[PDB]
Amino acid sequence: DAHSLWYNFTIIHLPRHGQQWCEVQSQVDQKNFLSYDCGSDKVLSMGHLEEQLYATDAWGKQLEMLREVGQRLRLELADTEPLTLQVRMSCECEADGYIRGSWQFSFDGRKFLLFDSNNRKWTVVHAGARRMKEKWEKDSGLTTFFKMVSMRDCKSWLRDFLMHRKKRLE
């Protein structure tokens, strides 16, 4: 079978009211398990406490990266081409291990960019996203950051949550 891990970031440039600039919702095999304020290091509502995903080495590493990804996207959001950047990072392991790592970028609810970590291809989804693609495609550091975190780090937490999800059962 196949398993996935979805991280949905909501990054805001110039927050207006009591809005937090960083928010992240996560799902293991399509369903929720953590809502996290990546800006103040705070778990807000990690529903699904019957698998103790926390109490895994991956848990803290995971939060570490969630914060780093949030900070990188923040700076990038600050020099774009209040602005709300919604990003979904995902990785999925098949029956072999064929991990598909990809990113999805939106700016106001309309998909803008898609990153295929595997093939490392930036593909435009919106006419107005042609420039950010260029910038980020040329920002080899950013693009590699997107490949490394989704192709390895994310597969790593997936593996540990799963390996842990079983040892309990069997």
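Numbering starts at 1 and runs along the sequence shown.
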For the stretch from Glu81 to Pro82, please bin the deposited residues that the model skips: none, 1 to 3, 4 to 9, or 10 or more. 4 to 9
Avg C-alpha B-factor, entry values, 88-96 vs 67-75, higher side is 88-96
As the entry reports it, the stretch among 15-23 and 143-151 with higher mean C-alpha B factor is 15-23
Max C-alpha B-factor within the set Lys111, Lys135, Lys61, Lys42 falls on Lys111
Among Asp29, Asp37, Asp116, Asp57, where is the Cα B factor highest in this entry? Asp29
